[PDB]
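Trainee: Below is one structure. I have some questions about it.
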Amino acid sequence: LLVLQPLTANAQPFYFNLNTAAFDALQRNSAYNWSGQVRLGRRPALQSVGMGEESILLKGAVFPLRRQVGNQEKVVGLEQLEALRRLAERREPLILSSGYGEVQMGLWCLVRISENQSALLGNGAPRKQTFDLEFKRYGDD
Amino acid sequence: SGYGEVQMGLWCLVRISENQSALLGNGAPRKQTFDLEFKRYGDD
Amino acid sequence: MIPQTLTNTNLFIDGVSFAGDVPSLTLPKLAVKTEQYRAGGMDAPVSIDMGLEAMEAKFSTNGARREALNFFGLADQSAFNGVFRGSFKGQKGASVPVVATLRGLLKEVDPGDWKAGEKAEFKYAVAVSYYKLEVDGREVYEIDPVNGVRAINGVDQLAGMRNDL
Amino acid sequence: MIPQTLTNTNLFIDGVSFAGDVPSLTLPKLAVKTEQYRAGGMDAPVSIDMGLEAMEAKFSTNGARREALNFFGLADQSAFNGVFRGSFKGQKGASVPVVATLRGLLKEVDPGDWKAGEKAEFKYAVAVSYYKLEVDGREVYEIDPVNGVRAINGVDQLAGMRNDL
Amino acid sequence: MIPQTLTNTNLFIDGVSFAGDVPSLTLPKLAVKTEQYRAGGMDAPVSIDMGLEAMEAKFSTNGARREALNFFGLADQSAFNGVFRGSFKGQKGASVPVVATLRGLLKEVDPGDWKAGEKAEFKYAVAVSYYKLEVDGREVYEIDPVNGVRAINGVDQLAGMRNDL
Amino acid sequence: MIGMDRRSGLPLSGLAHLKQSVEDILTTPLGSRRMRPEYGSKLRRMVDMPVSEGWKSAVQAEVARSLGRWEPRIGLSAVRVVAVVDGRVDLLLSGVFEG
Amino acid sequence: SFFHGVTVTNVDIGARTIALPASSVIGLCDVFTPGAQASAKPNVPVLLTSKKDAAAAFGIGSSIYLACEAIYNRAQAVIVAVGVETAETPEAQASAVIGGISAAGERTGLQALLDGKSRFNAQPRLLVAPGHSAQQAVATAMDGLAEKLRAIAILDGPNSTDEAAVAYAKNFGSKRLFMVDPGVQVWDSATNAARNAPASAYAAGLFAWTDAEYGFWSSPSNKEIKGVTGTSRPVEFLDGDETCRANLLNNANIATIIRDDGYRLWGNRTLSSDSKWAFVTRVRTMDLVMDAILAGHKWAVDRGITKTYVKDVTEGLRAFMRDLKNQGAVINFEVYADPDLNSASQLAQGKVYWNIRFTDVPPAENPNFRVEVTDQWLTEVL
Amino acid sequence: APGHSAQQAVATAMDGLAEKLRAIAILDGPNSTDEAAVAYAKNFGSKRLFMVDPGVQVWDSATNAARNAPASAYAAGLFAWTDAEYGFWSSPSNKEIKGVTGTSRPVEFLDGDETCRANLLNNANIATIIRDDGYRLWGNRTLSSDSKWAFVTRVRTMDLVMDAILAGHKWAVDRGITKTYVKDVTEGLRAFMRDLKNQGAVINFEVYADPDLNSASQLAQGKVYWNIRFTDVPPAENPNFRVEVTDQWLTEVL
Amino acid sequence: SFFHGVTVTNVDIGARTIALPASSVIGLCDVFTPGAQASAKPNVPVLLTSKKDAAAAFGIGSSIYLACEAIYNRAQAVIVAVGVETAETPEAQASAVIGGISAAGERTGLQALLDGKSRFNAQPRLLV
């Protein structure tokens, strides 16, 4: 569905599909930095002083008891959102790789992970993990 | 436009924010709810 | 399979028998709490086993039974126990004892419309805190809410969820 | 077209036949999730094919069937399978076997009002995770929620949506 | 005016005739979307012609018709067409052919309660994307949602709204 | 930009250099270059894996990474399986031109 | 001998003969050299999609490929290309292009373009003989073959002055001919100079680019030509009905490359004597809806005449032509079965009639602008 | 008999065996041109013969080349296909052919009453193959010198509504003639014909006992007569579309 | 010969306003020219249905069709229309449009409108 992959180019990428995270929502804010300068007797002049923050926010839910597709004797894990955390403490931008329009999305650093894990088991294991990731476009040359 | 005044002024584009959901297998949405947001460029 | 169906019923409250009293039962509606999982790529939302709903066992009584009205709103839960019994006869007379031992808290008492000529009814409701259904002699359901044992056909299904993780 | 209609039905759960038990069926309501698209210029809102709704297959049983009550709330989904069958006779006796192989999760068990003289009913509900309808011998529907294959008349309609983009 | 009323009906799906199958129809409810306009000075709120509602055409079938079940959830809209026909007889035998050519998307299939003795019904629903009613031979309604042509009595009413502005 | 051809040494500039620029990305494994370890593709790791529908989307997601690093004048459009013979899958690498 | 690594392949792989846009298929006839590098027999048709197909079937220096490159530089077109062996006498060279039934049971020359269908599902819509259309005998051959084919023949005048091409257009008026007289020139890599191309194949690639990207109902005049430089004649153009060499050719029903010396074609009227059939878009939308009517309604030659059959296709066409009306291909129409000529005497014979009446979109070749100013209702100044 | 039907002596034995069997005999032509295929069809005209002249060439997987199949089995598998769901009343003259490539000779239908290769062969009562790579069949008319039995549908319907009756009437022969013997079967011929109207095989019929041929002297030798006069659906071999480009709705563009 | 398959023609037809209420019939009589395209004998009546057979029975430029186009512009009725041969003097033209029993056993002029029924089953109620 979407692919995270870092700049070191040998680290293991993260694959979004129904086995791992499988978001179904995609906010994509994209501002454009037009600065207003108030003139006294007329309309305020607008100047293009940059590009501003473009952000991508991925909603969704991980259910870590639904078995992997085709009943592979293996379930969706509890580890499988903490892999998003380990890939985010690298202090490193990420290439987004979709498969529908443009495929070469830019460098996107990961900013926020916030899961809501509930319907717990006895040892604290959830069986739902509703997350929302939040990226910002790393402005490379 | 084509209804009242047709010659609207200079309008710079400031914000695009789509909400693309109901995805296909390769990430392709089938809805894209956007909201554009302009500001009037104050020309002479 | 031979056709079977309910013919008669019975009810026990703390040992004593309501052998001429109860016109109606309701075993608690066993319902799994489903969360609609549709995601990227998948078409229709699937429903996921994510716990059971609130069990509640109605029963009804036509007379003022002191044994039934004793257990309303007690300070200790599971002081009410109750045992619901049925008998399913079959086509060849092979009657099958369906016994459902619950151990809930008695929740609601409403003596309804006391019309003069019409018979009166005391509807009851039981906030079920333990449920155990037996079809013939074998234990089909054993629902512990407060414990981690949801036994379907004698094997714990919540224990199998912990071994998978 | 000759007039045809349902005359008799049948039900299988994991191989065994409920050949004298079930009084009622409900195949899952196939319903497309429609979003009202009215926009600038267009007058009436159109409805757009944007995925299916939640499939759910009710069936009903008059007796305590251990084979049906075994599959409630199991830790694995698609352990319940179930096969629903019908027979549509026509006007000239040409009976048409409508078989619907589903593979869902059993969702809800409510033994209702156990009145004494009145027969009892065990309503069931199945959170359908796979559906496959066959009218005569040919496969009409094949609904994979978890896979990307929604086959209408044997051809995948979700695959045609990916070739258009 | 002589008293007329419906006596018989018919239904076509993509050319083939359901000449012994359909017990029921529903042409789409034509309803204008009204916004309550009360303002300063005026007493009662008026309702304003501001577009049509969602058209939806139910029809029903007692047997497993492969021609009707073929068109559920196809990847292309307006692949389903459908033609609904009626015949209104009058008091002097002058039968009046009411034909309604719609071209919508088939929206919902629910085979309902398959009881054994009771006949089964396959309710259908059509997300109408084109509607065209003809009373005798003359075209009364012609509703284009996606185009700007709402023709009432053969003259476009949406075109008259653009000439007024 | 004017470069030389890999074979035959001839200096070719416009678009034949564009195609051999892509095929130096796709066929070099990572770390094979000297003092340039983050160069090349993981397509040699995708060699002799079963052609599933997740293998296709992992090749699209990896060609787009490796061309996104060292080929900025190519905007990748799609990668499609067009035929299968015994072992030999073949991929129509389609992409628009930028720069 | 297989291979086990990652590999580049520079040869064609897949088949693209599945789509086949039926409005843009092109018949092509010119000379070539049938050597060992040209893997095609002379008087047989062969299906072409890309320049690699023209390179494999014909020689690179052969003028088939010079016409195939002229089309494939602009549009992703489909060409039914027939070849002719080059002769010595130019009056006998025109005899090779017209062809005939001179063989036993084989059609040669232009007549093999009638065998486009039953070979490669291409009923050709654009007839071009690049260079071999300044002769009248082939332009009359492309004339009479057009109404058999329901196409339009893109012929070209001589590369002499304007009245040599105006008087060459006066031999026709047969509704199916679209003449572009300035043979435009193109830059060459080997010659390092300016070539001389006949500019009839460039209008064929522009029509295939028009009907697939803009629709066949759109007028294919004001659009870009690629693979082009200046024209063989500097053809001036102004605004205001002058003595221009643009208005002289257009009023003689001749199209011409006009602006910036190679940039755009200009002119849409065909060589027709009738003012009803003056535009090509009157002629193209006549034939490309009535073979798009048939495509999809191919079941109308079987499923014999029952009570619903006359009623089955009379809104089978009405539901298809409203799809043409909504995409702009026509404006409002009417489709109805013929009341008087339909009878049971010839319904048993198989004949049953339907009446089609549609009007099509006019191309805005001359937009006028009556400018008027006011303040509220009238000119306040005067 | 694919390939053997191009011979004259085999096709005549193919002819005379069809009237003994009430069958459609599919013939062939030579590999040669249209003139030598029209001349092969002139000496026939015996209401049961269906000629398909173009040699269907087809790819094979054995030698990896193109064979030359003599066009009979493709039309035979197409007559048996259109009886499966389109019924025997329908015409198989615009139907698709699977497992096929082009013909030996090109033959196309065009319009304008010119020398079309299809129209030259339809007027000689010969079927062709029209679209790309063996895509359609094109013949409605048998080799018949009689104008009544021209189409393949009328010859098939008269031959295939009777075995649909004579089966279902294995009785009403060697039974024994009672008083209402004639009435009880002429109400059974109607009941086995109303379902043919129901499935669209015929248009409105009439079935009645023959009043003047039925007599007491004919009953003594077992002869009884009925009249099963019906009509059939004519195949729409020529849908004409009368079309012009008007300028009527030009005021819609304002 | 014949044709197999779809043969797309190209004709000239007008609006599809041929919807016919069989309520009123019109008796008409005017001069015309009996040419080759006018398939009508002079003193016989011709039932007319629309403009398509009013252009087939009588010519385009005939004075029948100029007086018959005006009827079908408003109401698409059916017309029992008799013709008359034109004359030189206006007295002989006025005597010919009246007509009478001057044939062998026929009625000419306006008198052939009395043969509306038993020939056409349309007794003219509108005489022009």
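Ordering of the structure tokens sets the chain letters (A, B, ...), residue numbers begin anew at 1 in every chain, and ligands are numbered from 1 in the order given.
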Could you list, as number ranges by chain, every residue within 12 Å of residue 131 of chain E, counting only C-alpha atoms and ignoring same-chain residues fewer than 5 positions away?
Mentor: D: 44, 46; E: 27-30, 54-57, 78, 81-84, 99-105, 126, 139-147, 149-152; G: 319
Trainee: If you run DSSP on the backbone here, which positions in segment 23-65 of chain C get strand (DSSP E)? Please write them as a list in words.
Mentor: residues 24, 25, 30, 31, 36, 37, 46, 47, 56, 57, 58, 59, 60 and 61 of chain C
Trainee: Only residues of chain G matter here; which ones have an atom within 12 Å of chain E, counting only C-alpha atoms? Give them as a ChimeraX atom specification.
Mentor: /G:299,303,308-316,318-320,322-323,325-328,332
Trainee: Suppose we keep N, CA and C atoms; can you now write the selection as a PDB file, in the first residue's frame?
Mentor:
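Done, and the output landed in selection.pdb:
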ATOM      1  N   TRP G 299     -24.982  -7.674 -32.921  1.00  0.00           N
ATOM      2  CA  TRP G 299     -26.025  -8.681 -32.793  1.00  0.00           C
ATOM      3  C   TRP G 299     -27.255  -8.388 -33.645  1.00  0.00           C
ATOM      4  N   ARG G 303     -30.493 -12.909 -34.325  1.00  0.00           N
ATOM      5  CA  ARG G 303     -31.607 -12.736 -33.390  1.00  0.00           C
ATOM      6  C   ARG G 303     -32.826 -12.209 -34.152  1.00  0.00           C
ATOM      7  N   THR G 308     -40.205  -8.137 -29.862  1.00  0.00           N
ATOM      8  CA  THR G 308     -39.337  -7.247 -29.109  1.00  0.00           C
ATOM      9  C   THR G 308     -38.090  -6.834 -29.874  1.00  0.00           C
ATOM     10  N   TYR G 309     -37.776  -7.482 -31.004  1.00  0.00           N
ATOM     11  CA  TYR G 309     -36.500  -7.241 -31.682  1.00  0.00           C
ATOM     12  C   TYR G 309     -36.436  -5.865 -32.328  1.00  0.00           C
ATOM     13  N   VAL G 310     -37.517  -5.443 -32.991  1.00  0.00           N
ATOM     14  CA  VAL G 310     -37.585  -4.091 -33.538  1.00  0.00           C
ATOM     15  C   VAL G 310     -37.531  -3.077 -32.408  1.00  0.00           C
ATOM     16  N   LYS G 311     -38.124  -3.420 -31.275  1.00  0.00           N
ATOM     17  CA  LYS G 311     -38.087  -2.593 -30.086  1.00  0.00           C
ATOM     18  C   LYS G 311     -36.777  -2.733 -29.313  1.00  0.00           C
ATOM     19  N   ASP G 312     -36.009  -3.805 -29.542  1.00  0.00           N
ATOM     20  CA  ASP G 312     -34.783  -4.013 -28.770  1.00  0.00           C
ATOM     21  C   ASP G 312     -33.692  -3.039 -29.190  1.00  0.00           C
ATOM     22  N   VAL G 313     -33.548  -2.796 -30.487  1.00  0.00           N
ATOM     23  CA  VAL G 313     -32.452  -1.967 -30.963  1.00  0.00           C
ATOM     24  C   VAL G 313     -32.880  -0.515 -31.181  1.00  0.00           C
ATOM     25  N   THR G 314     -34.184  -0.225 -31.202  1.00  0.00           N
ATOM     26  CA  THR G 314     -34.597   1.161 -31.383  1.00  0.00           C
ATOM     27  C   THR G 314     -34.392   2.008 -30.134  1.00  0.00           C
ATOM     28  N   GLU G 315     -34.185   1.398 -28.964  1.00  0.00           N
ATOM     29  CA  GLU G 315     -33.543   2.085 -27.851  1.00  0.00           C
ATOM     30  C   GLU G 315     -32.202   1.455 -27.513  1.00  0.00           C
ATOM     31  N   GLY G 316     -31.726   0.529 -28.336  1.00  0.00           N
ATOM     32  CA  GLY G 316     -30.347   0.103 -28.258  1.00  0.00           C
ATOM     33  C   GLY G 316     -29.475   1.143 -28.922  1.00  0.00           C
ATOM     34  N   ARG G 318     -30.710   4.357 -29.306  1.00  0.00           N
ATOM     35  CA  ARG G 318     -31.013   5.580 -28.573  1.00  0.00           C
ATOM     36  C   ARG G 318     -30.191   5.670 -27.296  1.00  0.00           C
ATOM     37  N   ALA G 319     -29.899   4.534 -26.673  1.00  0.00           N
ATOM     38  CA  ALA G 319     -29.037   4.531 -25.501  1.00  0.00           C
ATOM     39  C   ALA G 319     -27.564   4.633 -25.858  1.00  0.00           C
ATOM     40  N   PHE G 320     -27.184   4.283 -27.085  1.00  0.00           N
ATOM     41  CA  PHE G 320     -25.795   4.448 -27.491  1.00  0.00           C
ATOM     42  C   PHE G 320     -25.532   5.835 -28.055  1.00  0.00           C
ATOM     43  N   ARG G 322     -27.166   8.578 -27.187  1.00  0.00           N
ATOM     44  CA  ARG G 322     -27.114   9.524 -26.081  1.00  0.00           C
ATOM     45  C   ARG G 322     -25.771   9.481 -25.367  1.00  0.00           C
ATOM     46  N   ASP G 323     -25.026   8.381 -25.489  1.00  0.00           N
ATOM     47  CA  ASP G 323     -23.645   8.387 -25.029  1.00  0.00           C
ATOM     48  C   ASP G 323     -22.764   9.201 -25.962  1.00  0.00           C
ATOM     49  N   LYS G 325     -24.059  11.817 -27.527  1.00  0.00           N
ATOM     50  CA  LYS G 325     -24.526  13.178 -27.297  1.00  0.00           C
ATOM     51  C   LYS G 325     -23.920  13.767 -26.033  1.00  0.00           C
ATOM     52  N   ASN G 326     -23.715  12.948 -25.004  1.00  0.00           N
ATOM     53  CA  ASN G 326     -23.211  13.464 -23.739  1.00  0.00           C
ATOM     54  C   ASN G 326     -21.718  13.746 -23.788  1.00  0.00           C
ATOM     55  N   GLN G 327     -20.965  13.012 -24.603  1.00  0.00           N
ATOM     56  CA  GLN G 327     -19.544  13.277 -24.767  1.00  0.00           C
ATOM     57  C   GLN G 327     -19.267  14.306 -25.850  1.00  0.00           C
ATOM     58  N   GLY G 328     -20.308  14.919 -26.405  1.00  0.00           N
ATOM     59  CA  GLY G 328     -20.157  16.006 -27.343  1.00  0.00           C
ATOM     60  C   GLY G 328     -20.036  15.608 -28.793  1.00  0.00           C
ATOM     61  N   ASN G 332     -28.340  17.253 -30.259  1.00  0.00           N
ATOM     62  CA  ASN G 332     -29.556  16.466 -30.016  1.00  0.00           C
ATOM     63  C   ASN G 332     -30.052  15.736 -31.261  1.00  0.00           C
TER      64      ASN G 332
END
Trainee: Mind checking which residues fall within 12 Å of segment 207-213 of chain H, counting only C-alpha atoms, ignoring those fewer than 4 positions away in the same chain, and posting them as a list in words?
Mentor: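 Listed by chain and then number, they are residues 180, 181, 182, 183, 184, 185, 186, 187, 188, 189, 190, 191, 192, 193, 194, 217, 218, 219, 223, 224, 225, 226, 227, 228, 229, 230 and 231 of chain H.
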Trainee: Please find the residues of chain B near chain D - the criterion being any atom within 9 Å, counting only C-alpha atoms - and write them as a ChimeraX atom specification.
Mentor: /B:22,24-26,28,30-31
Trainee: Please dump the current selection as a PDB file, in the first residue's frame; keep N, CA and C atoms.
Mentor:
ATOM      1  N   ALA B  22     -10.789   5.054   0.981  1.00  0.00           N
ATOM      2  CA  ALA B  22     -11.347   3.891   0.277  1.00  0.00           C
ATOM      3  C   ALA B  22     -10.369   3.382  -0.782  1.00  0.00           C
ATOM      4  N   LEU B  24      -7.480   1.317  -3.046  1.00  0.00           N
ATOM      5  CA  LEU B  24      -7.312   0.082  -3.794  1.00  0.00           C
ATOM      6  C   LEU B  24      -6.083  -0.658  -3.274  1.00  0.00           C
ATOM      7  N   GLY B  25      -5.669  -1.704  -3.994  1.00  0.00           N
ATOM      8  CA  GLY B  25      -4.567  -2.530  -3.527  1.00  0.00           C
ATOM      9  C   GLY B  25      -3.226  -1.827  -3.592  1.00  0.00           C
ATOM     10  N   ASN B  26      -2.986  -1.075  -4.662  1.00  0.00           N
ATOM     11  CA  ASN B  26      -1.740  -0.348  -4.840  1.00  0.00           C
ATOM     12  C   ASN B  26      -1.786   1.062  -4.262  1.00  0.00           C
ATOM     13  N   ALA B  28      -4.257   3.220  -4.524  1.00  0.00           N
ATOM     14  CA  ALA B  28      -5.090   4.126  -5.296  1.00  0.00           C
ATOM     15  C   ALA B  28      -6.387   4.402  -4.559  1.00  0.00           C
ATOM     16  N   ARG B  30     -10.336   5.982  -4.213  1.00  0.00           N
ATOM     17  CA  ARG B  30     -11.470   6.202  -5.087  1.00  0.00           C
ATOM     18  C   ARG B  30     -12.356   7.324  -4.567  1.00  0.00           C
ATOM     19  N   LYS B  31     -11.883   8.075  -3.576  1.00  0.00           N
ATOM     20  CA  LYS B  31     -12.419   9.388  -3.257  1.00  0.00           C
ATOM     21  C   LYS B  31     -11.258  10.277  -2.852  1.00  0.00           C
TER      22      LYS B  31
END
Trainee: Using only C-alpha atoms, determine which residues lie at most 8 Å from segment 47-52 of chain F, disregarding the query and same-chain residues fewer than 4 positions distant; provide the list as an MDAnalysis selection string.
Mentor: (chainID F and resid 43 56 87) or (chainID G and resid 4:6)
Trainee: Residues of chain F in alpha helix (DSSP H) according to DSSP, as JSON, numbers by chain?
Mentor: {"F": [16, 17, 18, 19, 20, 21, 22, 23, 24, 25, 26, 27, 53, 54, 55, 56, 57, 58, 59, 60, 61, 62, 63, 64, 65, 66, 67, 68, 69, 70]}
Trainee: So which one's closest to chain A, F:59, F:22, F:64, F:84? Using only C-alpha atoms, please.
Mentor: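 Distance minimum relative to chain A lands on F:64.
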Trainee: Compute the chain F side of the contact with chain G at 10 Å, counting only C-alpha atoms, and hand it back as a PyMOL selection string.
Mentor: chain F and resi 19-20+22-23+26-28+43-48+81-83+86-88+90-92
Trainee: Got a sec: who's within 9 Å of residue 68 of chain D, counting only C-alpha atoms, leaving out chain neighbours fewer than 4 positions off, as a ChimeraX atom specification?
Mentor: /D:13,61,64,72,124
Trainee: Can I get the selected residues back with C-alpha atoms, as a PDB file, in the first residue's frame?
Mentor:
ATOM      1  CA  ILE D  13     -21.952 -26.957   9.149  1.00  0.00           C
ATOM      2  CA  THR D  61     -32.329 -23.678  14.690  1.00  0.00           C
ATOM      3  CA  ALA D  64     -29.876 -27.716  20.803  1.00  0.00           C
ATOM      4  CA  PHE D  72     -19.308 -19.630  18.656  1.00  0.00           C
ATOM      5  CA  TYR D 124     -27.577 -17.511  14.889  1.00  0.00           C
TER       6      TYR D 124
END
